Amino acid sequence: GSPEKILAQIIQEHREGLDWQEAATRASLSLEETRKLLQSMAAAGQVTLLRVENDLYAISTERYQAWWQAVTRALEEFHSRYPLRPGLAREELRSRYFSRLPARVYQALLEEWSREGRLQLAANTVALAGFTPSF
């Protein structure tokens, strides 16, 4: 198939996403070409781009959106069941839905969702934005 189809399949099939350089290598593409294709896939709403430390990851947008829907439901349910607790253990959420991700990528996702106003983070726990303990 064409180089663009090869790259698209690499990213869309990848269950955690991957360093864009790794994707370039797997597709036998230059960085230039990989970047330009990623920019059009991002414009089409197909790929999510995430900096992780000094690396850049390309992730299927469908996968990323499905992660968020799992997280918000789990936290909604947790806050309903246990409204006095400050949040769910970060490591428990990781083990539920993110066990194949590198830990640093999981942390970058939590920090992104917090920045966006979706979450609030403590050192060990995670909660929905605006949640406060009560009875």
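Position 1 is the first residue in the sequence shown; the rest follow in order.
- Judged by mean Cα B factor in the deposited record, 42-50 ranks above the other of 42-50 and 71-79.
- In this PDB entry, the Cα temperature factor of residue 35 sits in the middle third of its chain's modelled residues.
- Remark: residue 58 belongs to the lowest third of its chain, ranked by C-alpha B-factor as recorded.
- Compared with the other modelled residues of the chain, the Cα B-factor recorded for residue 16 ranks in the middle third.
- Annotation for residue 122: CA B-factor lies in the highest third of the chain's modelled residues.
- Annotation for residue 8: C-alpha temperature factor in the highest third relative to the rest of the modelled chain, per the entry.
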